[PDB]
Amino acid sequence: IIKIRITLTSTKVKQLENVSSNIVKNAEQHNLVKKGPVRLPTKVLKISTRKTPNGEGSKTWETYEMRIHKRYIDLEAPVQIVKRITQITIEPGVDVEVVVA
Amino acid sequence: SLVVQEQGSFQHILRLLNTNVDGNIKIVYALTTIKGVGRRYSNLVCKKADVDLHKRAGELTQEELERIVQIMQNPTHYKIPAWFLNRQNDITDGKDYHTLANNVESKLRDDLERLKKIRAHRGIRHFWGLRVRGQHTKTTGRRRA
Amino acid sequence: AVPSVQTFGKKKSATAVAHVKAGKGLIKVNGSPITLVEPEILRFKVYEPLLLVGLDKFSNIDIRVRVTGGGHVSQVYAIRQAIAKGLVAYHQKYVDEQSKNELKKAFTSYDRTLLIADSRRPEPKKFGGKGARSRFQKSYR
Amino acid sequence: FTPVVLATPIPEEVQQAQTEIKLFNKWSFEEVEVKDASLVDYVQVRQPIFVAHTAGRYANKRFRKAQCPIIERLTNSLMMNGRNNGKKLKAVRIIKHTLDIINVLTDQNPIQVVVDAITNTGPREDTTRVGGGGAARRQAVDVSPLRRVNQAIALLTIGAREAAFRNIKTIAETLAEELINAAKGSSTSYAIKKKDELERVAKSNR
Amino acid sequence: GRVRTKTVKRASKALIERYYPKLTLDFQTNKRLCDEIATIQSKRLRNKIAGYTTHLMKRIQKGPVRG
Amino acid sequence: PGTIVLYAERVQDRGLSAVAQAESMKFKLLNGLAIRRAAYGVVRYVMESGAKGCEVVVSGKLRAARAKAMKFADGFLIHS
Amino acid sequence: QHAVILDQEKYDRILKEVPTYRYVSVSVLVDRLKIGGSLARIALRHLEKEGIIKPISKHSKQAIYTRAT
Amino acid sequence: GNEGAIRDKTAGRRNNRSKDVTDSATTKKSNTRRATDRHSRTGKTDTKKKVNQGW
Amino acid sequence: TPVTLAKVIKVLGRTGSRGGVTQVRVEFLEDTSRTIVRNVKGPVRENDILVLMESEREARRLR
Amino acid sequence: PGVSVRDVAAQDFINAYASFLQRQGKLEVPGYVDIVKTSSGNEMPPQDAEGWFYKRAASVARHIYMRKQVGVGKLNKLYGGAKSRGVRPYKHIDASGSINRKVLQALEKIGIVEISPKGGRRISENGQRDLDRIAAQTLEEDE
RNA sequence: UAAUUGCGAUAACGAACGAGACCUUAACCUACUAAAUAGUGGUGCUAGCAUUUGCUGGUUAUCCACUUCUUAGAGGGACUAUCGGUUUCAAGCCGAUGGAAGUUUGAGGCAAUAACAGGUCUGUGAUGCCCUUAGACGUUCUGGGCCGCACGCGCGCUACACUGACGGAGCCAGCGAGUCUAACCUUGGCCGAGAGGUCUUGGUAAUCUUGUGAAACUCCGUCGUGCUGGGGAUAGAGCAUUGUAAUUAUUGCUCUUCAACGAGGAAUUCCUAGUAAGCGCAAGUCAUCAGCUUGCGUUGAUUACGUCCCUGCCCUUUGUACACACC
Ligand SMILES: [Zn+2]
């Protein structure tokens, strides 16, 4: 019966949301405390650069944005139940890291 | 409360170290009007020579004026730090000086002449009269007169 | 016990959280009495809901305000909005509707909106100029 | 007067004065009437104000600036030139000082002297431009009351500025003496000199 | 300014033409009706449809339209 | 070794793939088909395979020194 | 150029032009009699220490004073 | 080099200011190849069958 | 001096080559039926009181 | 009926506590109190030479009371100013770390501040006690 | 109408692209879900003053409860809403009231037919052809230059001061960024006027730097209209950091030197509300160097809700011997 932390992050919002729904779902048929997920502020990777490949024309700029979304859920679970969750729940793009402490 | 009731010994423009010192301005800025010496060293000289900071140049008469002048000619003996003077580790002696009213121009021209005689690029630039610090003369420096 | 309520006030970036409870009747900002806020000219501006309402309505409440963000004018406006909202929320939840409605009448009669945040927000800056609408000077020659 | 003393002090001076009447700092916003017609509904003195610092939206629609009370307009016209484009807390301090100098120069109400100054320096007949092939002739034209009030305030503050750029006299003293002369037009105020040259050139060009 | 476009005008005229008895004179009810009897894909567009529908219904109950 | 594994797929709806169309026209132009010929081949192939709009903008110099760009459009294309 | 040191003729003047006008300030003193500012401020401090003038308000930029009654 | 540079009587800001200024400093431009750009400069006229046999 | 207090009824239109001189319909607060056109420099609504020193100009479009 | 430094005004308290610390005087100021400019962002040394360090001491004491734990870097950031870099625009440069650390350790050898865990210095029981007593005498200074 | 935006008139009737719609963001939510990586209240222990119960604190897990304030998933909310007036009585516009919001709700992203002999061969192992290809026009090492100065032009920064400068005191943001098979952001302590240096500490980051305790700003003092304590340009000496290397000052700090400018001619730029303007901060290139640019926040106004007078662009009607299209 080990108390672990499970942090997920991605750039794809709805894929991340259904991953989190799957995690809270399976925790809730096998209840541990309740542990609803907590929402970090979204990190906006801004990259600003020139439109023009050369240095001619009207000086116009661009701002590309990456959005990083990150959530965490705590689980207090045996070993086989931890392994079943962290190996069954898997989707592309969403990087999930599981830590013991 | 600092009204001064003195009548006769207030004096007009006075003399200290080959300079016309204004007699109706504050003592720190009259020392600033003395050449070779600026505001912060003037204030330190007044505070340290125990001269009354609050008032102009009419009193702060002779005996503190010679205390003032001796503290300028030999700052180093009385706990003025070495970094507070204008010239240190000088040229051929290494002991720390402060140049005053005429010695400042005499000795700035002297070390300019020193580097001119060592035939430095700084010397050639000063001889030509162009900008001796690294500066762009392409666009500025017009109308030297 | 402790019949308390929590309200807020929002200027451009200042948030002021005001805790209003039923006690002896004191009024305080950031652990200090409000007669000690330092713009020293907007002392009347923090006095505004006090002197609109009346001291007897303030004579039985303790309001404590915690203050974050924004410049000093943003602080004083967030305080004023937060304590006016605290008065109207306490009077809504504990006392009579004519009392709160007459106070709303006074507030909207004198109002610099007094209870609702200014929707004015700083628009983002565009390229080609150092301001939101101003652009760099051109020469043509 | 029924003061209520709390743990926090809330001093009795502001207690009594601003519980009894919504003043200025300490100045009555009643008993003030616009001495002349043609300027009512625009010079807003019917609603009292404690301090001219208000976050009021005035430039959205047509004439919410005409709805705005006049003392804030005096501050926001004192706000000009690039040295102090921004410092209206300080401008409010200046305006309070001007009102005090008004009180010491004359016992009457400082908002009333402001009203009298605007009334006596609103320019009654301006002159507009016409194409007019040749010398580009101009033609006289009367002025809407809000433009009257606006140009009046502009003349007040520009006269104070030009008379107090490089002088020992402060902005508060200069604006106060300009306000006194504009209340009693004595052919000394910059605002009424500008008004008089406007009427003279318009009467000549009509 | 606030000129309504061909999309909202065309949809509002078709809806008012074929659904006159069920429509009401209020915006809230009418926009719920538009939600149910139209498979519209945009929320702000839905509100615009309902607003022009309500205005045209006001004009219908006041008098005849030439449209 | 063993931490990455490749896999393959036929691409369902192979007709409505823009990179596939560009690759096919690279192939036909390398074969030496006429520009007009082959480009109409792709536009009609896309429209028959079942898209809602298609366009090709072959652009460059072909036989003259001057370079033009003739646009073969068929179907319905949003642009904003 | 002005006079910044009270030579007692400016002193017994300012003692007899306290009642001549109403509005006392630094610039008012400077224009009414030629005193170089700082001495006028010292005179204001002396006169508020013992007031034949009363304060309407004090400010580090400007001080507004009226006669005693 | 060094001694010649310091002993050259020609060099100096004062001598440069003594000399006058030419008009090429205040001339503006010669934009001939932007004034005439529609007209072909290669001279290679594009011909009908090249266009047809190509595009 | 014959100062005249006027009262606008309707606005006629924004004449002026640059487009600032508004034409309005002034009554003169003494006779309901005595009215005339006026050219005004500033911005104008209904129900405001203007002032005239010459009430006999009767002007028209400015070029 | 309840006294705190929050309940007393800033300027009058800071002046009264400066005068109080002048009247005791056990501060052991460093020797270079007249040379310094209190920051590299200044150009003139302080005017009131006889009490500028003690006004600084009163200021630091009030800051330590109002906050949990701050250090010399935070004090330099607070008492820094705008540096006039000539023709270049102004910039925020921190204050004089030497005189800030000297006033911190002067208050420490008085016994007003102490070393707190996780770094920094925090207020002491007797420092807060005498600060509250002076906050009192400033509250009941009314005639 | 912002709009070929829509009414209407009507040999046209229906449509499609562009506009709009759409998306992203800033506004509102006491409504759901939450949260020791965010706060709040209370219960312990403890400090002080008053002790008359209180106020101010601390307290990494002493525990409980909550989500108003922080975050954002699902949603809602505004649609010129209601009324009055005008209009072809329509499209719409003006005002009032309500509401967080009545400027296309503010601001962007993408943006049709097309062209231009517009710019880039110096971004590309994208490139045809040409030139060169070993005394190389390839690559690599050393040094210099790109910064050189009689002068002309363009973008900016500091200023010409008291609506200020100088010294203390008060304290107030937001956008972000930050190190593994290496040397990032640096807290705290200690030395030093300062710049900076040494011991460590924390952070792969809502955890720490950091509440980025920023500047402008407020109060109290000094200065008193003087080329002045405005201004800090030129200029000399020393102390440090970065880097193999600072000389042609890299940059920072200290002292000294104290120029011109007293508001700017002809002209001309930008701008309609959290706007101009003032004021700073972060990121980019970075070992170092920001007077630049991109974003953000603080303080925050005047005047107008029009017109074709000027200047550009569009459409229509006209004229054409032009169609490579007035080059
Ligand atoms: Zn590539």
Of (1) out of contact with any helix residue (DSSP H, G or I) (no Cβ under 7 Å at 6 or more places or on another chain); (2) under 30 Å from H:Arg17 (Cα atoms), B:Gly94 fails just (2)
What's the number of the only condition in (1) near RNA strand K (Cβ under 8 Å from one of its atoms); (2) more than 13 Å from chain D (Cβ to nearest Cβ); (3) touching a residue at least 40 places away in the same chain (Cβ under 8 Å) that C:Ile79 fails to meet?
(1)
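Being closer than 26 Å to G:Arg22 by Cβ, touching a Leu at 6+ places or on another chain (Cβ under 8 Å) and of a type in the set (A, V, I, L, M) is true for just one of D:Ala66, D:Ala117. Which residue is that? Before the answer, list the steps.
On the way: D:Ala66 fails: closer than 26 Å to G:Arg22 by Cβ.
Among D:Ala66, D:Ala117, only D:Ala117 is closer than 26 Å to G:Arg22 by Cβ, touching a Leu at 6+ places or on another chain (Cβ under 8 Å) and of a type in the set (A, V, I, L, M).
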Check whether at least one residue in the range C:31-45 is more than 9 Å from RNA strand K (Cβ to nearest atom) and farther than 25 Å from D:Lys90 by Cα, and report yes or no.
no
Take the range C:107-141 and flag every residue that is more than 7 Å from RNA strand K (Cβ to nearest atom) and of a type in the set (A, V, I, L, M, F, W, C).
C:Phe107, C:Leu114, C:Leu115
If we keep only residues of the range A:18-53 that are within 14 Å of chain C (Cβ to nearest Cβ) and surrounded by 11 or more Cβ atoms within 10 Å (Cβ to Cβ), then the residue nearest to RNA strand K (Cβ to nearest atom) is A:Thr52
What do you reckon, is J:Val8 more than 8 Å from RNA strand K (Cβ to nearest atom) and within 14 Å of chain C (Cβ to nearest Cβ)?
yes
Expected output for the range J:76-94 (first residue outside any strand (DSSP E or B), partner more than 6 Å from RNA strand K (Cβ to nearest atom) and hydrophobic (A, V, I, L, M, F, W, C), Cβ below 6 Å, 6+ apart or cross-chain) is J:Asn76/J:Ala95; J:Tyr79/J:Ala95; J:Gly80/J:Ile93; J:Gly80/J:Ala95
Subset of the range C:4-30 [within 10 Å of chain D (Cβ to nearest Cβ), within 7 Å of RNA strand K (Cβ to nearest atom) and within 22 Å of J:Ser4 (Cα to Cα)]
C:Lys28
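Which of the following residues is within 14 Å of chain H (Cβ to nearest Cβ), in contact with a helix residue (DSSP H, G or I) (Cβ under 8 Å, 6 or more places away or on another chain) and surrounded by fewer than 16 Cβ atoms within 10 Å (Cβ to Cβ): B:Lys79, B:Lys117?
Testing whether each residue is within 14 Å of chain H (Cβ to nearest Cβ), in contact with a helix residue (DSSP H, G or I) (Cβ under 8 Å, 6 or more places away or on another chain) and surrounded by fewer than 16 Cβ atoms within 10 Å (Cβ to Cβ) leaves just B:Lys117.
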Filter the range G:15-38 down to the residues that are in contact with a strand residue (DSSP E or B) (Cβ under 8 Å, 6 or more places away or on another chain) and either more than 9 Å from RNA strand K (Cβ to nearest atom) or facing another protein chain (nearest Cβ under 8 Å) (or both) and list them by number.
G:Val18, G:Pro19, G:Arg22, G:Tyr23, G:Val24, G:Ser25, G:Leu29
For the range G:41-62, what are the residues that are under 23 Å from B:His54 (Cα atoms) and within 10 Å of the chain's Cα centre (by Cα)?
G:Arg41, G:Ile42, G:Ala43, G:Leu44, G:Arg45, G:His46, G:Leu47, G:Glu48
Can you pull out the residues in the range J:40-75 that are more than 6 Å from RNA strand K (Cβ to nearest atom) and not in a helix (DSSP H, G or I)?
J:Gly41, J:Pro45, J:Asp48, J:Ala49, J:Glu50, J:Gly51, J:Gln69
Within the range H:1-48, the residues that are within 12 Å of chain B (Cβ to nearest Cβ) and either of a type in the set (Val, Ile, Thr) or closer than 19 Å to B:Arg143 by Cβ (or both) are H:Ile6, H:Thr10, H:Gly12, H:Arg13, H:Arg14, H:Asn15, H:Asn16, H:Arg17, H:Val21
Among residues of the range B:5-28, those that are within 12 Å of RNA strand K (Cβ to nearest atom), within 23 Å of B:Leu108 (Cα to Cα) and outside any loop (DSSP other than H, G, I, E, B), counted
0
Among the residues of the range D:118-155, how many are free of Cβ contacts under 8 Å to residues at least 60 places away in the same chain, closer than 25 Å to D:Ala176 by Cβ and among the aliphatic types (A, V, I, L, M)?
2
Considering residues that are surrounded by 17 or more Cβ atoms within 10 Å (Cβ to Cβ) and within 10 Å of chain J (Cβ to nearest Cβ), the number found within the range B:21-40 is 2
Which helices (runs of 4 or more DSSP H) does the range E:3-67 wholly contain that include 1 or more residues that are within 6 Å of RNA strand K (Cβ to nearest atom) and of a type in the set (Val, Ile, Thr)?
E:6-18, E:43-62
Give me the helices (runs of 4 or more DSSP H) completely within chain H, filtered to those with at least 3 residues that are closer than 30 Å to B:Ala145 by Cβ, ordered by residue number.
H:2-7, H:13-18
The lone exception for D:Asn109 - which of (1) free of Cβ contacts under 8 Å to residues at least 60 places away in the same chain; (2) more than 13 Å from RNA strand K (Cβ to nearest atom); (3) not hydroxyl-bearing (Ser, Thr, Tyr) it fails:
(1)
C:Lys104 in contact (Cβ under 8 Å) with a residue 12 or more places away in the chain and either more than 6 Å from RNA strand K (Cβ to nearest atom) or farther than 30 Å from C:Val53 by Cβ (or both)
yes
Can you find a residue that is surrounded by 19 or more Cβ atoms within 10 Å (Cβ to Cβ), more than 14 Å from chain B (Cβ to nearest Cβ) and of a type in the set (A, V, I, L, M) anywhere in the range J:84-97?
yes
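Every residue, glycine among them, receives a Cβ derived from its backbone with ideal geometry; neighbour counts consider all protein chains shown. Every read-out reported here was derived from the displayed coordinates using simple, explicitly stated rules and does not represent laboratory data.
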